[PDB]
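Please read the structure below before turning to the comments.
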Amino acid sequence: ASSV
Amino acid sequence: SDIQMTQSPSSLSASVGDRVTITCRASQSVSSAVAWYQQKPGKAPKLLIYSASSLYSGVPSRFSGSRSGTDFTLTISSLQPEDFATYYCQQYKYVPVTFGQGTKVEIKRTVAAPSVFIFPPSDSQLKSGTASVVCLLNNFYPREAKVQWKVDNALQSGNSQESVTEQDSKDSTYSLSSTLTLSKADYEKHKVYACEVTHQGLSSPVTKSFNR
Amino acid sequence: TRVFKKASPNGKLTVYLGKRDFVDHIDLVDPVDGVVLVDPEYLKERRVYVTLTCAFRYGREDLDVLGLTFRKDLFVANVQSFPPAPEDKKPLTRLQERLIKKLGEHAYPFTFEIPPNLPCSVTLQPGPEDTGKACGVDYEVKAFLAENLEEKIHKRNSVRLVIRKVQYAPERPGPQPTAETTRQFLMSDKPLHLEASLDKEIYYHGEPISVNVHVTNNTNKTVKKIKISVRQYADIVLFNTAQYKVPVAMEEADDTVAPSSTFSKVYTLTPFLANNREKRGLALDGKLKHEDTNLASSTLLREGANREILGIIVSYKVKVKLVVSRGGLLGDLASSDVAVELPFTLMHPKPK
Amino acid sequence: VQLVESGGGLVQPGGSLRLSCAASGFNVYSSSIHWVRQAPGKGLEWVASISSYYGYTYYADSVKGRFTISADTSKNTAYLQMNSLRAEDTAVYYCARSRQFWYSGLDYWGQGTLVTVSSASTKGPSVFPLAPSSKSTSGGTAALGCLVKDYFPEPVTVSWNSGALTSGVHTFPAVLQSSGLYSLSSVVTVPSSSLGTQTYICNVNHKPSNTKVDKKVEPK
């Protein structure tokens with residue numbers, strides 16, 4: 001999981 | 001139950017030197033695992049950009065990509081004669097890897113009218129057993145046209161196939177080939193054949209009718 | 001830019017990092033910088049810690065639990081992210097100062113320095129009948145809240161993310177691996193000269209290795225076979241020292257070299273994991289969970305290295321053996337085989 | 001570097017056909033060979049993939065159980081055995097390389113071999129010339145045409161005067177008819193002054209049936  | 005790719009545009013039109021942007025939104029979060037491809041007619045696709053934003057070796061510096069949640073975009077600073085082709089967005093986080101529908105990029109030109117001509121069926125065809133009239137359109141832009149046949153002052157439908165050639169590289173125009181396929185018996189009877197075209201360049205629908 | 005994110009079971013802690021793979025350039029390691037988001041609503045202990053751990057995970061043979069594993073901490077470091085003690089003030093990195101701006105003051109920064117001469121992440125291949133977690137060396141960053149360093153950590157008030165210390169192929173290629181050996185037998189002063197060399201010094205994973213062989217047999221003996229083999233070496237230093245050689249690629253060509261005659265041929269091998277799945281314990285590159293990773297990349301140690309480096313130290317060599325006829329005066333008692341080895345660097349090219 | 005496809009043709013439904021993709025300049029174990037399917041004007045579809053380093057096969061659910069992907073590492077060729085074929089599977093099949101370490105898209109593709117699946121048999125074309133009459137002449141320019149009909153396979157190459165006349169030619173795409181046999185058109189614009197005093201012919205060639213044609217166009 002990742003996010004800006 | 002698979003991840004599909006939807007390219008927001010359908011058919012993009014722009015002149016040489018434009019900044020074009022193609023958006024593509026994936027079904028779910030595929031992370032930064034997206035690619036873009038260019039396909040010329042009759043040729044195999046070419047990889048343009050990978051990893052959503054990273055440019056591939058040998059691809060001009062004008063192309064560039066960007067991520068935004070599920071929306072991935074392809075951009076070009078200045079549009080060149082080499083860039084006029086269809087484009088596809090890909091994802092490759094999970095299998096199966098899927099592709100977008102496609103965006104028809106094309107050269108912009110002044111709205112020209114079609115040189116419509118009507119051709120009767122040859123003697124070699126009527127002796128075989130079939131009949132096929134050909135209403136030809138040549139040199140026109142844009143490629144959106146709606147030709148319709150009329151035989152014995154009545155709109156005939158259900159037997160009219162069409163074919164549109166690709167945009168030329170020099171003058172940048174299209175052409176269309178509608179063929180009214182019918183039997184030999186129907187040609188001799190009520191012989192009042194004609195084709196009626198409707199284009200933006202033409203203010204009124206011009207009709208080309210032939211007899212004998 | 002994008003950052004990796006992982007939250008604790010109940011969501012009160014969330015670790016943020018810029019990347020998972022931290023490159024080891026021998027002279028320096030990429031620093032592990034990031035932040036930890038903790039809401040005041042859930043902060044009752046009022047002490048948040050972050051810990052970097054390089055541990056060797058293994059299974060005991062006597063125990064037949066089938067999946068049970070143990071860890072042994074080789075290197076461990078601690079950084080008190082909250083409260084900020086007055087005797088520690090560090091400058092935030094560009095990465096860190098972007099994160100606080102996005103999240104806010106509830107994201108406390110941490111930064112670890114991996115010292116040199118530490119092992120890289122290397123996972124040992126499990127068998128088909130192995131359901132536990134991945135064995136070998138692996139790095140792990142664990143954030144938690146606790147009154148003090150003595151207290152027992154609750155698994156729900158904590159979160160662990162696996163990271164990897166990696167290496168890549170040197171930018172300059174090393175010298176062409178070449179090796180020779182001459183064997184002389186008692187029957188007469190006629191030697192058996194064996195000459196071998198590889199095409200290049202550096203090889204990327206899944207690339208063909210070409211071995212140029214040249215044998216000059218002036219002896220009364222005959223070469224029955226020629227056995228080429230790419231072998232994986234792995235020196236493991238934890239409690240005392242273990243080591244092993246295992247052929248990951250090989251070829252037993254029946255090329256005969258008759259007495260008083262020369263021979264020259266190029267053999268091509270290509271190590272790959274498919275035809276090595278049954279080799280339990282075979283070193284593989286670090287695994288985050290249980291994905292398929294390629295054969296363990298060669299670990300590069302410093303020239304003036306400290307040596308006795310913990311963890312797993314993997315190397316590669318191509319062995320070129322000659323099976324010789326034997327017999328004669330001494331019968332089959334004395335061995336006459338002649339072999340020579342060729343070391344080479346196997347690892348991924350540096351990504352740009 | 002290149003990827004050469006082979007093994008395309010017409011096969012009836014239920015039958016089988018096998019593709020070959022020879023590679024050059026790509027190490028087999030540092031790559032992952034793929035197969036992609038595209039019908040005319042329908043878009044790309046992944047169908048199969050082989051990972052020769054780890055030794056694994058992957059297929060699209062539509063293809064599961066029907067096709068099988070293989071590869072001879074020694075010969076650097078990737079095969080695809082296609083069994084229980086269907087009309088849906090009529091398409092140009094591309095072969096595409098991928099970096100094993102690590103996947104960064106489909107960096108190279110082959111020209112793709114034309115695969116056609118249908119119960120209708122092969123048939124040669126019936127070329128009838130579209131004679132230019134008074135309707136064709138306009139603005140000091142006339143147009144000659146040549147119709148192509150009744151042929152079934154997809155590959156069909158046409159050229160006016162054996163490739164000598166290339167100014168103004170417009171080879172329209174082929175379209176499939178209700179009966180099943182394809183139909184194609186091609187026209188050229190030549191000035192009206194030269195018409196009559198210079199002969200122009202449409203040389204059509206069909207490789208599956210081996211039927212060369214040299215029909216002459218004459219004004220009606």
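Lettering and numbering for the structure tokens are positional, with chains as A, B, ... in the shown order, residues counted from 1 in each chain, and ligands counted from 1 in the shown order.
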
Near residue B:147, within 8 Å and counting only C-alpha atoms, which residues show up once chain neighbours fewer than 3 positions away are dropped, as a list in words?
residues 178, 195, 196, 197 and 198 of chain B

Contact residues (chain B, partner chain D, 8 Å, only C-alpha atoms) as a VMD selection string
chain B and resid 34 to 35 43 to 47 50 to 51 92 96 to 102 117 to 122 124 to 125 161 163 to 165 175 to 177

For residue A:1, find every residue with an atom within 7 Å (counting only C-alpha atoms), except residues of its own chain fewer than 4 positions away, and show them as a short mmCIF file (atom, residue, chain, number, x, y, z; two decimals) with N, CA, C and O atoms, in the first residue's frame.
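Saved the output as part02.cif:
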```cif
data_model
loop_
_atom_site.label_atom_id
_atom_site.label_comp_id
_atom_site.auth_asym_id
_atom_site.auth_seq_id
_atom_site.Cartn_x
_atom_site.Cartn_y
_atom_site.Cartn_z
N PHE C 4 5.61 4.56 0.87
CA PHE C 4 4.98 3.33 1.33
C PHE C 4 4.32 3.56 2.69
O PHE C 4 4.80 4.34 3.51
N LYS C 5 3.21 2.86 2.92
CA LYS C 5 2.39 3.07 4.11
C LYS C 5 1.91 1.74 4.67
O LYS C 5 1.48 0.86 3.91
N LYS C 6 1.98 1.60 5.99
CA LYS C 6 1.49 0.41 6.68
C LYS C 6 1.03 0.80 8.08
O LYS C 6 1.78 1.46 8.82
#
```

Find the residues of chain B that sit at most 12 Å from chain A; for each, write down the nearest two atoms and how far apart they are in Å, to one decimal. Count only C-alpha atoms. Sort by chain, then by number going up, and give it as CSV.
```
residue,atom,partner,partner_atom,distance
B:29,CA,A:1,CA,9.3
B:30,CA,A:1,CA,10.0
B:31,CA,A:2,CA,7.6
B:32,CA,A:2,CA,9.5
B:67,CA,A:4,CA,9.5
B:68,CA,A:4,CA,8.6
B:69,CA,A:4,CA,8.3
B:70,CA,A:3,CA,11.5
```

Quick one: pick out all helix (DSSP H, G or I) residues within stretch 26-146 of chain D from a backbone DSSP run and write them as a PyMOL selection string.
chain D and resi 28-30+87-89

Contact residues (chain C, partner chain A, 10 Å, only C-alpha atoms) as a count of residues only
12

Output as a tab-separated table one row per residue of chain D within 8 Å of chain C: the closest atom pair and its distance in Å to one decimal place, counting only C-alpha atoms, sorted by chain and residue number ascending.
```
residue	atom	partner	partner_atom	distance
D:27	CA	C:207	CA	6.3
D:28	CA	C:206	CA	8.0
D:29	CA	C:206	CA	4.9
D:30	CA	C:206	CA	4.7
D:52	CA	C:274	CA	7.9
D:53	CA	C:272	CA	5.4
D:54	CA	C:274	CA	4.6
D:55	CA	C:274	CA	5.3
D:101	CA	C:348	CA	7.8
```

Stretch 185-330 of chain C: which residues are strand (DSSP E) by DSSP, as a PyMOL selection string?
chain C and resi 191-198+202-203+209-217+223-238+240-253+261-269+283-285+311-324

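Picture a line from atom CA of residue B:52 to atom CA of residue B:33; it runs 5.9 Å.
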